[PDB]
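> Can you read through this structure? Questions will come right after.
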Amino acid sequence: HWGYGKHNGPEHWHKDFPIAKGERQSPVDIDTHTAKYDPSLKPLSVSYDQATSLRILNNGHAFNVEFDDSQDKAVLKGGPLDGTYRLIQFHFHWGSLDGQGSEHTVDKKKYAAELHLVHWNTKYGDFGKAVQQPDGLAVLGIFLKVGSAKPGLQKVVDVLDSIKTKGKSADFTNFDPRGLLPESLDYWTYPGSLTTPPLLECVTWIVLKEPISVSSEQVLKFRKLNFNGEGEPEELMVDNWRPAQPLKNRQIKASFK
Ligand SMILES: NS(=O)(=O)c1ccc(C(=O)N2CCN(Cc3ccccc3)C2)cc1
Ligand SMILES: [Zn+2]
């Protein structure tokens, strides 16, 4: 029964998921003056040429674009990571208004939305084993600002009418996630968590500095989705973001000067 309402929102999650108040929770504010350049970080390696998208699912919290992760097809390596992380899904978090929606913030600035490309460490064999490890997942986070349309996002926007409500899915093959990346792979990185229940502390966060631009019409179509199931009272899927959590004993590292 967790969600993003007044009665079941992020301030309530700790009652069923006490790790909500833990030492490495996400998201966080990225203070750009306190993040230190780490010359030992490697360039990110984003290898998405062989990505196999399968399906898009409205899960009642967001929509997920799911990939075939039964082989090393779309992988994230390098940067702060040891070994190979396989892409399993991507999703977004967004606002009711353009002035909010991102989960990470930059010097307390909120973006209109945030893309999460979720990857799991292949040394743990499957995603369910990986989420039980402190280095199990790598999530690539990309901010969205409202301005020019993102052409590589339109195939996602155009299928959302077919998955309006919770539990609906649609075939979503041959989608190329390279079309969601910005030009620069400059990033910030820190150890954190899933941002939704069960809030497991299993994520290496890699947040790109350069946002992508999407149009007002693209993000308006995200905000026509529903949290509810078919035939239930309509509750628009908006403001599906967790706010920034305490940094505690953590350092955010920059890949760039
Ligand atoms: N916003 S985010 O990128 O941090 C993100 C949040 C949640 C998830 C996610 O995979 N969850 C659904 C399953 N659960 C994991 C799970 C638990 C037990 C058994 C198996 C799996 C969470 C992935 C990324
Ligand atoms: Zn997310």
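We're sticking with Swiss-Prot numbering for chain A, so the shown stretch reads 4-260, in order.
Yeah, the Cβs are placed from backbone N, Cα and C, and that goes for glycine too.
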> So Swiss-Prot lists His94, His96 for Zn(2+); which of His107, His119 goes with them?
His119
> Where does Swiss-Prot put phosphoserine, among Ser99, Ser172?
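In Swiss-Prot, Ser172 carries the phosphoserine label; others show none in the record.
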> Looking at phosphoserine as annotated by Swiss-Prot, pick the matching residue from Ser105, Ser165, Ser196, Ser216.
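Going through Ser105, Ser165, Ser196, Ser216 one by one, Swiss-Prot annotates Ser165 as phosphoserine.
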> Starting from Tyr7 (site 'Fine-tunes the proton-transfer properties of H-64'), work out which of the recorded positions listed here (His64, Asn67, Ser165, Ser172, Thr198) have their Cα within 10 Å, and give them in sequence order.
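The recorded positions passing the 10 Å Cα test are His64.
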> Would you mind reading off the Cα separation of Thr199 (substrate binding site) from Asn62 (site 'Fine-tunes the proton-transfer properties of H-64'), to the nearest angstrom?
12
> Should we count any of the recorded positions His64, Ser172, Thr198 as near ligand 2, judged by a CB under 6 A from one of its atoms, and which?
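Near ligand 2, sequence order: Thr198.
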> Of the recorded positions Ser165, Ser172, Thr198, which one sits closest to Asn67 (site 'Fine-tunes the proton-transfer properties of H-64') when you measure Cα to Cα?
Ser172
> Find the one among the recorded positions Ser165, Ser172, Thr198 whose C-alpha lies closest to that of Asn62 (site 'Fine-tunes the proton-transfer properties of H-64').
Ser172
> Near ligand 1, which of the recorded positions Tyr7, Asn62, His64, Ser165, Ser172, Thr199 have CB less than 6 Å from any of its atoms?
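The qualifying recorded positions are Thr199.
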